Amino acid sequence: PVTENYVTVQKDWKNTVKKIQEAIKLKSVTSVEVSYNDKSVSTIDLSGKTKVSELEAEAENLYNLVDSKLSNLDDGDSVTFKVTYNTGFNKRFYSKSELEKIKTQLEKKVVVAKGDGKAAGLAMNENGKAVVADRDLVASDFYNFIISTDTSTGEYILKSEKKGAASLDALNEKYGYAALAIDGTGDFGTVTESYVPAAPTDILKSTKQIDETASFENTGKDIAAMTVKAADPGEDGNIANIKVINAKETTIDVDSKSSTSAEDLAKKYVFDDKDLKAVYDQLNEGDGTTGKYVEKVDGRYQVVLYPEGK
C-alpha cells in the first residue's frame, strides 16, 4: 500500500476530476474526501456499490460538487482530494483501453511456428505437395475476439469465437499439420491434416488473467482456445493526495533550441538554493533517479520546481 502526493494546477482541473471518475467506474476507488482550503467538507464512500450504473452516478456527484469552486478558484485557495483505492484485477475492472491492448496482443500471438521439416510440424501447400511453410500462424487466423459488457455488473469483458467455415476453409487449403517429416514431394491431403481449434469457453474479466501457458497450446493438430486463470494479487488501501492550486504551469524542454534559458528563467522567478542544491546533488549520484527530487517518466528525466515568488 503506497501513499503518494500530487500537486496540480487550476487550468487542468477538469482532466484531474475526469481521471478520478474513470477510477470510480472501474470499482477501484473506496472513498473520496474533498477539502476546501484544508477544511474537510464532504466524503464519498462507494463501498456498497458493485455495478457500473451505480458507480457512474457517484462519479457525476463528484463533478457537480466541486464545479463552481474549482471554476472560480482565487489566488491563495486550494482544493484537495484524498482518494483511497485498491489495486489488482481481483479487486477492480478491466478498462476498455486495457482490453483493446490485450486483444491486439492476442490476435498477433504465434500459435504454430514454422519448422524445418525434419520432424512433425507445420506444412504448406506447394502445387499439390507439402513443403516447408513460409510463415508462422497466429491466433487471428483461427479466432476472432469481441469486447462486450457483462449483463450482471456492466463491466467490459473480452471473449473469443471460432472463425467462420468460409475463413477456416480458405486456410485449410494452404496450411496443415504434418505428422511425420515432409519430403516436399508428398501430396497435401495425404501427408497433411488440417488443424482443429477448440471451442472457447472462458471470458476475460474481473478475477481473471490470461494464462499464456495454456492459451493456444499445441498438441498435434489440436489447438487450445484462449484460457484464463486467477489474477495476480494487489494491495488494499492506497492513498493519493491530489491538490489543486491556482498557479501557471510552464514546461521546458532542455534539449530544444527555443527553450527558456536558465538565465531568463532566473530573471522571472526567484528560487531557493536549498532545493536547487538538493537536485544538483542527487544528479551526481548514480543515475540520479534514487531520491525524491528527480524521476524518470515516459523515458525522460523529469524535475519539478516551485519558485518562491517572482
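Heads up: residue numbers just count along the shown sequence, starting at 1.
The mean C-alpha temperature factor is higher for 35 to 43 when 35 to 43 and 246 to 254 are set side by side. Note on 55 to 63 vs 22 to 30: mean CA B-factor is higher in 55 to 63.
Set against one another, the Cα B-factors of 237, 88, 184, 197 in the record reach their highest point at 184. Comparing the C-alpha B-factors of 101, 221, 82, 135 in the entry, the top value falls on 135.
Residue 167: CA B factor lies in the middle third for its chain, per the PDB record.
Sort the chain's modelled residues by C-alpha temperature factor and residue 154 lands in the middle third, per the entry.
Placement of the Cα temperature factor of residue 160 within the chain: highest third of the modelled residues, per the deposited record.
In this PDB entry, the Cα temperature factor of residue 111 sits in the bottom third of its chain's modelled residues, the lowest group.
Residue 121: CA B factor in the lowest third of modelled residues in this chain (values from the PDB entry).
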